[PDB]
Structure formats: C-alpha cells, structure tokens
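Read on for two forms of one protein chain; each stands alone as structure tokens, with the labels structure 1 and structure 2.
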Structure 1
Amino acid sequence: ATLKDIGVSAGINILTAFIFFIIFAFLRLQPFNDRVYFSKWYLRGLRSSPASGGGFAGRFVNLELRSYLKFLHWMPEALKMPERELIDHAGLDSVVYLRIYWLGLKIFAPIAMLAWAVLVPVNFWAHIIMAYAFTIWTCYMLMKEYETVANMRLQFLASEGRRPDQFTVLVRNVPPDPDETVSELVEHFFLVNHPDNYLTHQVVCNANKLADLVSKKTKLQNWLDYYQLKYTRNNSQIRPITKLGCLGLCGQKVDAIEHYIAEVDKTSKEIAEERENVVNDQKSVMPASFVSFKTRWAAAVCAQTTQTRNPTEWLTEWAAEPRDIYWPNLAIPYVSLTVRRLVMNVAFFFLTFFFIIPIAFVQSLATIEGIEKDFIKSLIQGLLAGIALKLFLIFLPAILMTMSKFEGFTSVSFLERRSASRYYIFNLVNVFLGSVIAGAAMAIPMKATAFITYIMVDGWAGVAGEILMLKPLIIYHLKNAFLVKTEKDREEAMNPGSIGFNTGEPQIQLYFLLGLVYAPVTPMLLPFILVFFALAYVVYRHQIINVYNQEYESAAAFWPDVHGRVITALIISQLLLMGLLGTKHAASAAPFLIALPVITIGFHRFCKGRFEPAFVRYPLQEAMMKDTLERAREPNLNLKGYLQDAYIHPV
C-alpha cells in the first residue's frame, strides 16, 4: 500500500489505456470498420460509404503513423465541437450527461487542492473545517449546474420540433363499464371534461403475443438465412435441442434450411391469426389510452390536473415519445404494479447480499493468489482483484434492467433511470459501506488502496476500452460475414446504441461517492478520481459525436436524480466523519458535524423548489408560447392527422 506500489499499478493501467488507444488507432483507420467507429455520421446522413466508395485504403497497407498525435489526436478533436452544435447533433440528454463528468472536475479539483494543501502538508479540527468547505463547494457547484441544465432544458423544449408527445397524455386506469368500450368511455370523458381541446385518442391494446410472434419470425428467418446462404442447395443439417432454436448440432432434428422453412411459414400463419384476433376482440384493449389534444397547453393542463374524485382512476400523465414507449409493459394491469414493485424490491435485497459474498471473496482470492505466489506479486494480486470485480459487475446493469422492466415502467427513459437508481444502492452497500462489514459468508467503508485499484481499472483502463468498441465490432463483423445477403447495405447491423445511462451514470456516482466520503479523511483517492472524470469526458464526447445514437430525448429529465445522488453522497460523507471524529475528538466537534447535514438538506430543498420544477412540470406560459408561434408559422396544420396514428402499437 506504499506510494511505489500504487505508482507501479498506475503505470500498468496507464499503459493498458495507451495500448487500447494504439489498437483503436489501427482499427479506426481500417476502412471496413468505418460503420462501427463513425456510426453517428452515417445515421445523420453526413457520411456515405466506408471509404468514399467503400472499403479502400488506410488498412494494413499503411498501419498507423508512429508518433504521439497518431493515437491521441482524437482527443483534441473531440473537444472541438461547440456544445450548442452538439445539442443539435447528438441531443440534450447526451450533452448534459457529459456535464456530469465536468461537474466532477469542477467539484473535485478544488477540493483535491485543499486536501493536498491542508491535510498532507501538516500531516485536527482541520478535518472538520475541510468538511465544511468541501460541502459548501459541492453545493455551490450543484446549484449552479441545476440552474444551467434547467435553462438548457427550457430552451430546448421551446425550440424542439413537433413531437407527438407534446400534445398527448397517457390516461391510465379507465374505470370499466359494462355497456361502453374503453374508447367510448375515454372519448366521452374528454369531450365533457376537456371539451374545447380534446382532439383524438388511441386505446392501449395488448399486442404482446403478436409482437412476440413477429420477433420470432425475424429470428427464424435470420437464424437460417445464414444456413440458406452458407452455400445454398443442400446446406446445414444442424440439429439443436428443442427450446429456442439456438444451440446447433446438440439434439436430433437434422433436416435442412431456413430453420426448417415450415417454421417460418407456421409463424407467419400464427401471426395472421393473431392479427385478426387482437384487432377484433376488445379483450386485448387495456384500461388505458393515449389522449391527444389540440394544443400543448391543454395537454399540460390534463397532465398536471386531477380529473376525478377517485385518486386511482383516470390517471393522466404526459406521454412519452412513441419511440421511448416500452410497449410490453403497457399491457400490465395497474393492480399488479404494486406487487411487482415489492417483489423486485425484495429481490434487490437478496441480489445485494449474494454479491457481497463474491466481492469479499474477490478480495480474498487476491490474498489467496498472493499466498500461492514484492513489487510484481502485490501488483498483480491487486490488479487481478479489480479485474474480477469488473467482470462480476458488468453483469449487474442487465439484471437491474430486467428488474425494472418487471416493475412495469412504460418508457425506456424511466427504465434507465430506475436501473441507475438501483445501481446506486448496490454501490452504496456492496462497493462501499457494508461490503467487508458483511463479510464472514469499525471497518464499514472498506479501505483506500482497494478503491484506488478499482478506480484505475474500472475508470481508467475501462473507459479506454470503451473507445475500442469491441463487442459492437465483433457483432457487426459476424453479421456481415454470416447473415449478410445484401447488395450493399440492406443489412444494417451498424446499430451503435446509446450512452447507457443505466451503466455510465452509476459509475460516475460511485466515484462521486468515493471522492466525497474519503476526502475529509484521506486525500489519496482524489487524484485518481480526477483522471477518471477527465478521461471519461473526452472518451465519451468522442463517442457521443462519432458513435452513439440516442434512442430517446428526455431533455435532461434525469438531472434531478443525478443531483439527489450527489446530495446523498455529501450526507453520507458527513455522517462518516461524525463517526470518525465523533468518537471522542472534541465536545465542540459534535455540534459542527451535526449542522452540516442540516445545511445540506436545506440546500437540497431550496434546489428542489427553484430548479426542479423545470424538469417535473411544464409551465403553461411556455406551452402557450410554443402553440402560438407554431400556429403563426404553420397557420393550417392538421394535428389530427399527425397525432392519430402516432400511438398505435408498432406491430
């Protein structure tokens, strides 16, 4: 745990990152990897073909250009696009996600300077003085960013083009009537209670079975489009087990091509059948609808007003953009939502515990490998531990997403925000306070050196490996080698994906926690946490501009969540110092360290009353302004046309 030990591991992790950048340089120069490394430009119609014609030079013919700005030149170029241009290139969501990395640099750089000028040089009421200073600074910076992001969201919303969700609401829990269909009920309610501005509605149907059948047919056609063009004629005789196709030569059914072609044809038959049934039954129709209005002002009124005396019926909320709608969860009974949430809350409790064991044992196998085996030894025993941690936790965002989908959120945006909130609690317990303490199948917040190696593995070399985009590269390459069957591009496996708020934001928040909690005590984690923020800003800006494509636009609606998690980190820090310098210390240290959490909570409440309203409520003056200006620019728009078929199930 000496400076030299940490310095050796730092060099290793820095070299790994630089090696990743050298491989990135090579791979991005290859003309056949252009659609993976520059996918956003292809999606924005600003890039044409792999090499201005397709697959030409830049490859192994010239390898790379050995220097310094041959593998690190993408960095200054990622910082060139102005933020305004990036709001219109990528989106507001992505631009404000980048601002969380910048917030970290603005919060932790001054606090690291203070900790490396007060603590270490004179190495104590200074611990409590610094704690105050650190909290004041973090809060000032949080307030300034709450303001900026609120104003950005408001400007974006005012200039955003017509989207169907600006006029629509989702009415849920429409009370059942024996003589009226959901559609009739909905129409009548909104023609009597919102008489002047109701335009149209779209009842939610359960086309989940039909959707599943359509997806099966794509999988069945894709599965053996491969073995239909492996060599055509009499192709493969793969014989998997009977479950979901998959496997391959692990059962008995040899046969031939197109996933036994009859399979695709029988799926198509069941699709036709279900298409008739789901349209003609009214049993598929759910007690919910998507009600659209003539104005955005009216939709705002509906979204923020109570409709009936029963607080659980006619529940109106702003609808999501039709591309953000997670349609499978719109067919879940509202009654089940509460129980589903409870079941997933208790499964989350078990998940946490299960993982504590592996993490403690990750650190245990580190010591065990040490036993099995000086500089090198310690180095590897520590690094390997962090790699194990990373491997166990790359599997966490996916589990948390399935749990969020079970709970029943009907928007991809909200699912990603719930998954990020749950990951914070996992990180609060298992990657922090309650990990080594919950060992055995004083020492609550673990130890500095263990955390340092994780910051260097997950947040230095891990963020560098993100730029290499290996998983998407492999997938594209396998798709374009096996299931190609295209003249050129009718095979789009270029799908880049989004930033991954449910994965990326929890990482930022773990380093915000680590940084804030340890700062008054030790000043050692801070330098490593700062390199994360800077590297990640530049790697993610490059990826937001060149690769990732947003799947929704929430206009930074996640900011209240991000803010609240940094406030939590601040509070946890203060509480931990009231346990370190609360024991004995001074009698006057107690009132100081007890006022800090009160000030922080009061600040949070001020920010929730000044800046949070911009994210949770749409002002009616803003809505009216948008409406009036649109009705002047486009004096005659048929909004009924645009809004009617906007919320039909994609199938």
Structure 2
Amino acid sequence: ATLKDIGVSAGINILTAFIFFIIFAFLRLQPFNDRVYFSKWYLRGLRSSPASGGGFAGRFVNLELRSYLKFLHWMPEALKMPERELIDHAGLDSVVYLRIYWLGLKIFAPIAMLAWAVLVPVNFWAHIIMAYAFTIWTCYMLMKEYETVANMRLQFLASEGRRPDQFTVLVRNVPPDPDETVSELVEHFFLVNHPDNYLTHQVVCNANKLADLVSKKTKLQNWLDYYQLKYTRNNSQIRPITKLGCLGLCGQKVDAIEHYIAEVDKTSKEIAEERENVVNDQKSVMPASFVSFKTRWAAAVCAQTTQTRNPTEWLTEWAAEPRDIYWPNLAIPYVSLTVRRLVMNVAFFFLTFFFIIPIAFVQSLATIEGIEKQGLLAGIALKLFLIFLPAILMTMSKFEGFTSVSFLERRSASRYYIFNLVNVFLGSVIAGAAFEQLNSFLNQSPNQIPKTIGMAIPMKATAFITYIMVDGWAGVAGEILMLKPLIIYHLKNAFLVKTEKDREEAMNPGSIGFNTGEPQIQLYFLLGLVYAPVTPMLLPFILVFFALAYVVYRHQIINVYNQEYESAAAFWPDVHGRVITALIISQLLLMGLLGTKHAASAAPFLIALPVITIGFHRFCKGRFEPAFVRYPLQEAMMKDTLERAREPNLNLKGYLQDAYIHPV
C-alpha cells in the first residue's frame, strides 16, 4: 500500500495499457477488423471499404511494423481534427462529451499543482485554504465550461439545416372529446390558440405492435438466415426453445430454415393484420400529436408556454429529433407518469442498497450449478449485475415515461451516478454492505456522518489509486481495442451475412454511451475533489485517466462511434450538477476529516464552503441552464428571418408532415 507498491502496480497497468495499444495497432492494420475500427468513416461514406478499399493486405503478412509509433501514432492523429470539424463530423454531443475529460484536466491539473506546492510540502489551516481554492477553481471552470457549452449549443442550433424539431412541438395528454378525434382536437386547438403560425400536425398512433411485428419479421428471417443460406434445400433447421430464444437444436421446433419459413410468412400476415388495426381504426391514435409551426419562434413559444387551465393537459414540449423520439413512451398519461416515477424512485432505493441480498441468491444458485458438471465460475454474482446495471437503469427510465432517447440516457446516467456514489465510493470508504452503511448513517449524528467517512478517506486512498489504474487506465485502453464489437461483427459477417451489396452492416458500435461513460467520468471527478485537500497523490492518477480517456474517446468519436441522436449538448446541466455534487461531498468530508483529527476552529470556514457552492450552482441554473432547455425567442426569430430571406419559398408543410410518423 506504499508508494513502492503503488508504483509497481502503476507500471503494471501502464504496461497493460501499452499491450492493449499494441494489439490495437495490430488489428487496425488488418482489413477484417477495419469495418469495426473505422465504422463512422463508412457511416459517413468517407471511407470506401474496410482497408480504405477493402479486403486488402497489411494484415498478418507484415504483422505490425515493430516500432514505438505503431501504437502511439493514433494519439496525435486523434487530436489533429479541429473541434469544429468534429462538430460536423460526429456531433456537438460527442464534442462536449470530450469536453468533460478536458474539464477534468482543466480542474484537477491546476489543483494538483496547488496541492503539490502547498499540501504535500506541509504534510491544518493550509488544508482549508487549499479546499477553498480548489472549490473556487472548480466553480470557475464549471462556469466557464457552462458558458462555452451554451455558446456551442446556440451556435449549433443557429447553423442547423432546417431540423424538423425546431418547428415542431410534442403536445401530450390531449383531452378526449366525445365527437372530435385527437386529430381534430389538435387542429382546432392550435388554430385558435396559435392561429398565425399553426402549420400542420402529426397525431401519434400506437404503432408499437406494428413495429414489433415488422422487426420480428426481419428478426426471424435473419434468425436462421445463416442456416438458410448455408446450402439451401434442407439445412440445419435449429430449434431455439421459446423461453429465451437463443439456444438452437435444443427444443422441438425443427421444421425448416429462415425460422421455419411458414412462421416468418405468418409474421407477415400478422403485420398486415396489425396494419389494419393501427391505420384504419382511430383507437390506436394516442392522445398526443406533433404540432408543427411555420416559424421556430412560434414553436418555441408553444413549447415554453402553458396552453390550457389544466397544466397537465395539452402538454406542449419542444419535440425531440425524429430519431430521438422514443415512440413507446408517448402513450403515458400524466397521472400514470407521476406514479411510474415514484415507483421507480423507490425501486431505485432498493436497487442501490438492498441489491446484494438478491445477488447472493443468484450466487447460491451459481454454487448449485457449480456442483452440476474448468468450472470455478469466477465473477457471476455482482460482476454480471454490474454489467447489466446500465441496462436495468435504462429500463427504469423507460418505465418512468421519458419520450426521448436522450432523456432516457440522461436519467440512466443520473441513476448510475447515485448507484456508484453509494456502492463504489461509499462502498470502499465504509466496510459495510450498502444497506449496512445506510443503517449506520441513519443511526449516526448529522455531524458524525461526515466525520466517519471523512476519517475513512485518507486510509484507503491507495485502494482508489488502484481503481484509477485499473478501471480508468486499462479500462480506457481496452475501449480503444474495441474487442467486443470486433467479435460481434466477426460472428455476423461469417454467420448471417446474406447481403446483396453492403446491407448487413453491424459495423456501427453505437454512440459514446452517456448513460454509462459519463457516470464513470463523474466518479473520478468526485475522487479527485474528495482527495485533493486530503491526499494530493490521487490527482496524478486521475489526470492520467483524463488525458488518456480524452485521446482514446476522441479517436473513437472520430473513427468508430456514431451518434444515434443529437441533443445539441442538452445534457450539460446534468454534468454540471454532478460536479457540484462532487464539490459539496468533498467539502462535507473535509469538514469531517478536520472534525476528527481537528476540533472546530476551521469548521466555521468549511461550513461556509457548501453554501457558496450551492449559491454558485443556483446562479448557474439561472444563467446558463435555461439555454439548454428552451429556445431563446430572439435566437429563433433570427434564424427564421435569415432563412426566410435565403429561401422565401420553402413549403415547410410537406417537410414537417412525414417527419413524425412511426413505422409507416
């Protein structure tokens, strides 16, 4: 646990990271992995095929040219593309996600210098003076980044090429009328409440079932497509027992290939059936619509104004991108939404505390199947639970009722942050098992809560040092290796490929993953903030994470990751708030550190620190935050007038009609 041991394991993890980079160098040279290494280039049509042309050499023929730059040249190349070029290449979302790693460097590097010029030399009132300085710096940089990100968001919005969302709002909870249909309701309401600029509307229908059947048709057609086109005629007609699917040759449903041909044919028949009961029925039409407007000014007005006496009816919100729209959650009434939120909030309480008890039942079952029939089963219990944590948290957000993928990801990120605050941070600082710590803190005095955890932090700082080295150095180096997506596409292009040209494209590796990646960054923000005044040694390791992660994720954002939505950096308020949380926790734990090892002569100053931070947060929530949720009316009008001068003949009607349909 000493510097020697820390440095030994640092060297080990630096070498593990370097090994990962070497394998990355090797595999990025070979065409057969280039599809899932340069994905975004083919998604943008800038790269032709795999090895800049496809199916070429440069593979194991020359292996990898043994040098130092083989595994190091991708780093300056990632940093070569200008930030603005990346705003058009990848997007604003990804460019500001990169800015969180840069924010970490911008905060923790100057505070490491301060700590290593004051704290370590004199290792107190210097502790509290440094704490004050660190918080002032964090706040200054938070405000400056809030500014830059808001300016970037507004520049993006102003340079947008007629996005449908800009002119449309999502009216929800449309009150039912005995005679008038949802369509007529929306039309007449917005023709009298927003007369001048009402353009058109698109009523949301419940075509979730229809979409499911179409997607299942393709799923079944590709289920045994590998098998179908292995040799045609009668191939390996597998039987994926219908309880988990997957399997294969284990059930009793042998039949034929392409998922028993007549079965995929009956899926087409079901599509037709549902089509009738989605299009020509008027009961599938949900109480929601996408009201489009002639101007972005009027759409902004509608979104940010209350329409009727019941504020829960006619809920007009700025519509999200057609691709960001999460269609299943458009069928949720206001009252239902509120109940669902509360249900998931209390389910999360149990998820973040009493999750080890059900995990121990899974482990009891793992020992049972360990006896049954090399074995060992290393991991399972908590390991798999943590792998599926983002998925569980995502489904909880879906339950709540967020009608946009962006907001689902943002909610899942918030939940993951709280999970990791309790189970990664406090799980290490306190030796109890989540709910054990909960009970202890409930039975602890409000002054002694901070004291217990604040006295605990300096001790296991070395444990958190290894956390950065493993989950933030080697973790991000494995991200550059992209091993999992490689394997997936290897077992898709050699399995169910069946494409005329390039239609089987499983190259896309999704996006950055705000729901998972961001909570990780924020846990390191927390670690750095908490330890900065206490033990300044954590900061160097945190900074290596931030630098490495900036470069590995920049590379991925440019080369591999492809955005699924464009929120135009609307998640920055969330990021800001989580660094503010980290700041407040840091100060509380410093009051506790110097409340156990010191009395309360410096505590009055460390009690003012949280107040200042909350005041700053409130200032930032009123200064920068509204630019991320609302369209400034001036900005909207400027864009409108400019666009109306450029093109004074645009028929926004037709454009905005088909912008918001589901699978039709």
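Between two forms, the rigid core is the largest collection of C-alphas that superpose within 1.5 Å. Throughout, residue numbering runs from 1 along the sequence of structure 1.
Trainee: Which residue moves between the two structures, judged by a Cα shift of 2 Å or more on the rigid core: 181, 305, 242, 193?
Mentor: Spelled out, the residue whose C-alpha shifts by 2 Å or more is 242.
Trainee: Taking the rigid core as the superposition reference, indicate whether the CA of residue 354 shifts 2 angstroms or more between the two structures.
Mentor: Indeed, residue 354 is displaced by 2 Å or more.
Trainee: Superpose the two forms on their rigid core, then report whether the C-alpha of residue 486 is displaced by 2 angstroms or more between the two structures.
Mentor: Residue 486 C-alpha, core-superposed: shift of 2 Å or more.
Trainee: Following rigid core alignment, is the displacement of the residue 586 C-alpha between the two structures equal to or greater than 2 angstroms?
Mentor: Yes; that C-alpha moves by at least 2 Å between the two structures.
Trainee: Residue 387: how far does its C-alpha move between the two structures, core aligned, in angstrom?
Mentor: C-alpha shift for residue 387: 12.3 Å.
Trainee: If you line up the core, how far does the Cα of residue 159 move between the two structures, in Å?
Mentor: With the rigid core fitted, the alpha carbon of residue 159 is displaced 0.6 Å between the two structures.
Trainee: Following alignment on the rigid core, what Cα displacement (Å) is computed for residue 252 between the two structures?
Mentor: Residue shift at the C-alpha: 2.0 Å.
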